[PDB]
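Visitor: Before I ask anything, here is the structure I am working with.
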Amino acid sequence: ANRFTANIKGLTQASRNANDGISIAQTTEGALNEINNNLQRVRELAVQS
Amino acid sequence: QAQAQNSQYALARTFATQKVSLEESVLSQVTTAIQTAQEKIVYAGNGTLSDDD
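What follows is the structure, encoded as structure tokens:
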């Protein structure tokens, strides 16, 4: 029973870690979207030039 | 004579139980403490932590 308890607590905190990862990843994704949009507009300008 | 032997072992069992229970208590709490330290270690594995946190 005590071993079961140990594993349960560890697994729960690990799930929280996974959520930490999803958070950081999504922030990076958000920033990269704007990078992409700017690059698209830059290609448009280069076309005009 | 036989009765005397039996009585002495009654006393011995009394004191053995004393010590045994007293150990079990803190042992359970030791399990608790190990487990909490474990959980906060697993959080040290969090790959988003800043050095001050």
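Protein chains in written order, with the working numbering: chain U, 3 to 51; chain A, -19 to 33. For every residue, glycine included, the Cβ atom is placed at its ideal position computed from N, Cα and C.
Straight-line CA distance for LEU13 (chain U) to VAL22 (chain A)?
Guide: Straight-line Cα distance between these residues: approximately 9 Å.
Visitor: In whole angstroms, give me the CA-to-CA distance for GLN(-17) (chain A) and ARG(-7) (chain A).
Guide: One C-alpha to the other measures close to 15 Å.
Visitor: Just the Cα atoms here: how many angstroms apart are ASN21 (chain U) and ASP31 (chain A)?
Guide: The alpha-carbon atoms of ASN21 (chain U) and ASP31 (chain A) are separated by roughly 19 Å.
Visitor: Out of U:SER25, U:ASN19, U:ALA27, which one is the CA nearest neighbour of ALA24 (chain A)?
Guide: For the residues U:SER25, U:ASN19, U:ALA27, the minimum Cα distance to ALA24 (chain A) belongs to U:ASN19.
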